[PDB]
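Asks: Next up is a structure, given as structure tokens.
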Amino acid sequence: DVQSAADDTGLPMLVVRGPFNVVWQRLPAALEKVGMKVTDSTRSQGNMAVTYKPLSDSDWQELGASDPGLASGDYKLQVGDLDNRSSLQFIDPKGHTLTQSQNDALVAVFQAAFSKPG
């Protein structure tokens, strides 16, 4: 399950159902379903490096999700441990964070991704 939230600085944030050890390790599974392929990761930092490419309308139909509002490019993912949950934030290719509206879209997209058999 994915919910929308904001972090300590008031920046766009997503909260994913499950502690760091649960989500971060199984995040790649959901990532592959949303057209975002994991290229590297560091467990000692809670950081992940990914490459994203927009999928087709029929691709999103198979996933059961809408347009995430993300454009093609390399993304940097940051995952923190909330104890019972995971704090997931998205950094765009430009070195900036994604908007609340983009993350709100990602809610449903990853909601389907985690439910999607894989």
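Residue names in the structure tokens use chain letters A, B, ... in the order shown, residue numbers from 1 in each chain, and ligand numbers from 1 in the order shown.
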Please give the complete set of residues from chain A that DSSP, run on the backbone, assigns to strand (DSSP E or B), formatted as a VMD selection string.
Replies: chain A and resid 2 to 6 12 to 17 36 to 42 47 to 52 73 to 81 85 to 91 97
Asks: Export, as a CSV table (one decimal), in the first residue's frame, the selected residues with N, CA and C atoms.
Replies:
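Result file follows (again_7.csv):
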chain,number,residue,atom,x,y,z
A,2,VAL,N,0.4,2.3,-0.7
A,2,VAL,CA,1.2,3.5,-0.8
A,2,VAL,C,0.3,4.7,-0.5
A,3,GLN,N,0.8,5.6,0.4
A,3,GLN,CA,0.0,6.8,0.8
A,3,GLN,C,0.9,8.0,0.5
A,4,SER,N,0.2,9.1,0.3
A,4,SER,CA,0.9,10.4,0.1
A,4,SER,C,1.1,11.2,1.4
A,5,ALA,N,2.3,11.8,1.5
A,5,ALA,CA,2.7,12.5,2.7
A,5,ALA,C,3.7,13.5,2.4
A,6,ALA,N,4.2,14.3,3.5
A,6,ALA,CA,5.3,15.2,3.4
A,6,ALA,C,6.3,14.9,4.4
A,12,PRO,N,7.6,16.9,-0.8
A,12,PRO,CA,6.8,15.8,-1.3
A,12,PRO,C,7.4,14.5,-0.8
A,13,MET,N,6.5,13.6,-0.3
A,13,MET,CA,7.0,12.3,0.2
A,13,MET,C,5.9,11.2,0.0
A,14,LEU,N,6.3,10.0,-0.2
A,14,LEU,CA,5.4,8.8,-0.2
A,14,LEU,C,5.7,7.9,1.0
A,15,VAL,N,4.7,7.3,1.6
A,15,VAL,CA,4.8,6.3,2.6
A,15,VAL,C,4.4,5.0,2.2
A,16,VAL,N,5.3,4.0,2.2
A,16,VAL,CA,5.0,2.7,1.7
A,16,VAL,C,4.8,1.7,2.8
A,17,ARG,N,3.8,0.8,2.7
A,17,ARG,CA,3.5,-0.1,3.7
A,17,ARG,C,4.6,-1.1,3.9
A,36,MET,N,10.5,1.4,-14.4
A,36,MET,CA,11.7,2.0,-13.7
A,36,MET,C,12.7,0.9,-13.2
A,37,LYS,N,13.8,0.7,-14.0
A,37,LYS,CA,14.6,-0.4,-13.8
A,37,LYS,C,15.8,0.0,-12.9
A,38,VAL,N,16.0,-0.9,-11.8
A,38,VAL,CA,17.1,-0.6,-10.9
A,38,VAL,C,18.4,-0.9,-11.5
A,39,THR,N,19.4,0.0,-11.4
A,39,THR,CA,20.7,-0.1,-11.9
A,39,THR,C,21.7,-0.3,-10.9
A,40,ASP,N,21.5,0.3,-9.7
A,40,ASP,CA,22.3,0.1,-8.5
A,40,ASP,C,21.6,0.5,-7.2
A,41,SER,N,22.2,0.1,-6.1
A,41,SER,CA,21.6,0.4,-4.8
A,41,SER,C,22.6,0.3,-3.7
A,42,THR,N,22.4,1.0,-2.6
A,42,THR,CA,23.3,0.9,-1.4
A,42,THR,C,22.5,0.8,-0.2
A,47,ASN,N,19.8,4.1,-0.3
A,47,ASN,CA,19.7,4.8,-1.6
A,47,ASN,C,19.6,3.9,-2.7
A,48,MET,N,19.0,4.3,-3.8
A,48,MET,CA,18.8,3.4,-5.0
A,48,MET,C,18.9,4.3,-6.3
A,49,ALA,N,19.6,3.8,-7.2
A,49,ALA,CA,19.8,4.4,-8.5
A,49,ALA,C,19.1,3.7,-9.6
A,50,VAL,N,18.2,4.4,-10.3
A,50,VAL,CA,17.2,3.7,-11.3
A,50,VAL,C,17.2,4.5,-12.6
A,51,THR,N,16.8,3.7,-13.6
A,51,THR,CA,16.6,4.4,-14.9
A,51,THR,C,15.1,4.1,-15.4
A,52,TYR,N,14.4,5.2,-15.7
A,52,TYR,CA,13.0,5.2,-15.9
A,52,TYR,C,12.7,5.5,-17.4
A,73,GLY,N,14.4,9.3,-18.1
A,73,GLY,CA,15.7,9.7,-17.6
A,73,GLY,C,16.1,8.9,-16.4
A,74,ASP,N,17.2,9.3,-15.8
A,74,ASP,CA,17.7,8.6,-14.6
A,74,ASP,C,17.2,9.3,-13.4
A,75,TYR,N,16.7,8.4,-12.4
A,75,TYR,CA,16.2,8.9,-11.2
A,75,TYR,C,17.0,8.4,-10.0
A,76,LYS,N,17.0,9.3,-8.9
A,76,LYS,CA,17.6,8.8,-7.6
A,76,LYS,C,16.5,8.7,-6.6
A,77,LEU,N,16.5,7.5,-6.0
A,77,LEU,CA,15.5,7.1,-5.0
A,77,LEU,C,16.1,7.1,-3.6
A,78,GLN,N,15.4,7.8,-2.6
A,78,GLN,CA,15.8,7.7,-1.2
A,78,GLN,C,14.8,7.1,-0.4
A,79,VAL,N,15.2,6.0,0.4
A,79,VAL,CA,14.3,5.3,1.3
A,79,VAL,C,14.8,5.4,2.7
A,80,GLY,N,13.9,5.9,3.6
A,80,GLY,CA,14.2,5.9,5.0
A,80,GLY,C,13.3,5.0,5.8
A,81,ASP,N,13.8,4.5,6.9
A,81,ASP,CA,13.0,3.6,7.8
A,81,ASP,C,12.1,4.4,8.8
A,85,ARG,N,7.0,1.7,8.7
A,85,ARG,CA,6.8,2.1,7.3
A,85,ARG,C,8.1,2.4,6.6
A,86,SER,N,8.0,2.7,5.3
A,86,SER,CA,9.1,3.3,4.6
A,86,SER,C,8.8,4.6,4.0
A,87,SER,N,9.8,5.6,4.1
A,87,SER,CA,9.7,6.9,3.5
A,87,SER,C,10.4,6.9,2.1
A,88,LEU,N,9.6,7.0,1.1
A,88,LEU,CA,10.2,7.0,-0.3
A,88,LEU,C,10.0,8.3,-1.0
A,89,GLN,N,11.1,8.9,-1.4
A,89,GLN,CA,11.1,10.2,-2.1
A,89,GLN,C,11.9,10.0,-3.5
A,90,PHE,N,11.4,10.8,-4.5
A,90,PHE,CA,11.9,10.7,-5.8
A,90,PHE,C,12.7,11.9,-6.2
A,91,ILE,N,13.9,11.7,-6.7
A,91,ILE,CA,14.7,12.8,-7.2
A,91,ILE,C,14.9,12.7,-8.7
A,97,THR,N,13.6,17.3,-6.5
A,97,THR,CA,12.6,16.4,-6.1
A,97,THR,C,11.4,16.5,-7.0
Asks: I need the residues of region 31-79 of chain A that end up classed as alpha helix (DSSP H) by DSSP on the backbone, written out as a ChimeraX atom specification.
Replies: /A:31-33,57-63
Asks: For residue 62 (chain A), work out the shell of residues within 12 Å, counting only C-alpha atoms and skipping chain neighbours fewer than 2 positions away, then give it as a ChimeraX atom specification.
Replies: /A:33-34,55-60,64-66,109,112-113,116-117
Asks: By how many Å are CA of residue 30 (chain A) and CA of residue 114 (chain A) apart?
Replies: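 Distance reported for this atom pair: 5.3 Å.
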